[PDB]
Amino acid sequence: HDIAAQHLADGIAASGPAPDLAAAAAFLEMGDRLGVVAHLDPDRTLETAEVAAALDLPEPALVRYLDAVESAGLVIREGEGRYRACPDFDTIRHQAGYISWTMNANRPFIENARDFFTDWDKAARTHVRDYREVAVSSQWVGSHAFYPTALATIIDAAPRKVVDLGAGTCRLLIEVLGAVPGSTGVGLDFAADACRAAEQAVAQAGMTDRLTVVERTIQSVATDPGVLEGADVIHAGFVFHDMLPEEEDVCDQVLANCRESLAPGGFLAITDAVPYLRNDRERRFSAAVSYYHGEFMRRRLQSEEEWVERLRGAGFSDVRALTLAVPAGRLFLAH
């Protein structure tokens, strides 16, 4: 009875916040694949009758899920068939983003590393990531750890036209357009799955007519820059690396094109990841992002120095790097 109590206290300390985070991540990924999570908000209610119908789910099954999440403490039952997210839901979801990204989006790397180590080319085409999961997990991380700084920079200098390259689910644009009343946005992304997710999200935010989703590669922009011109700000979050080190020249043409297409006041903003940081706070997640990129995707992440170097030798001036909350995340501003 003594040592049971001691084993209890010691175990609770060892486990720390991991039980809570493991449970939230699983409930939220499952609910997001169902389409339920888009209906969860601490300030709005989810009416099961309508949502079950909208999502084409048996209402009873939705109720059993929601009751499970209610037991977990992630939602509150407001009345019969009405639920709302717990007050700290957005932070819970943000943290789940990291877990979803490493454990869900990048699962093919985790499961099939042996293949990647022995025959990379065969592995790379056999074990492919689900870009809907890449884009969503990225959005959950972004909400609190990389969107806010870029949002605030974009909001000042009050743009009329914003282009986001490799936009994923288009959350940053939805946010920009929400904050500056007379703005248009174009979100560009190579993945059908991301684009479908985005169009849905954009519609859900009532901006379908203000914010266009165009399914194209960023490479496209080098030869067909007929999407940039008019833009006060061009943004690119975690995409530029997708053409390094293999398409260096294309990258430099996209950069040259960006410089041109800009209104005379505006800027390019690049959110991207720098490789293998050593500082205590950033190092562990930095290493995961770097290893997935380096080893599995064979994309080159550049250092701060290299990025600054490149934006200059692309004809941008006043280029600086800002530290983001997401480990090894950096914001580059090039005017």
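From 1 onward, residues are counted along the sequence shown.
(request) Determine, for stretches 282-290 and 263-271, which one has the higher mean CA B-factor as deposited. (result) Result of the comparison: 263-271.
(request) Take the C-alpha B-factors listed in the entry for 191-199 and for 221-229, compute each mean, and give the stretch with the larger one. (result) So the stretch with the higher mean C-alpha B-factor is 221-229.
(message) Per the entry's Cα B factor values, which of 103, 258, 172, 75 stands out as the maximum?
(response) Across 103, 258, 172, 75, the entry lists the biggest C-alpha B-factor for 258.
(message) Highest Cα temperature factor in the entry, among the options 114, 82, 210, 129: which one is it?
(response) Spelled out: the listed residue with the top C-alpha B-factor is 210.
(request) Pull the Cα B-factor of residue 44 out of the PDB entry and bin it into the chain's lowest, middle or highest third. (result) Answer is highest: the recorded C-alpha B-factor places it there.
(request) Determine, from the deposited record, the chain-internal third of the Cα B-factor for residue 14: lowest, middle or highest. (result) For residue 14, the deposited C-alpha B-factor lands in the lowest third.
(request) Name the third of the chain's ranked CA B-factors that contains residue 328, choosing lowest, middle or highest. (result) According to the entry, residue 328 has a C-alpha B-factor in the chain's lowest third.
(request) Check where residue 21 lands among this chain's C-alpha B-factors and tell me if it's the lowest, middle or highest third. (result) For residue 21, whose C-alpha B-factor we compare with every modelled residue in the chain, the answer is the lowest third.
(request) For residue 308, return the chain-relative third of its C-alpha B-factor as stated in the PDB record: lowest, middle or highest. (result) According to the entry, residue 308 has a C-alpha B-factor in the chain's highest third.
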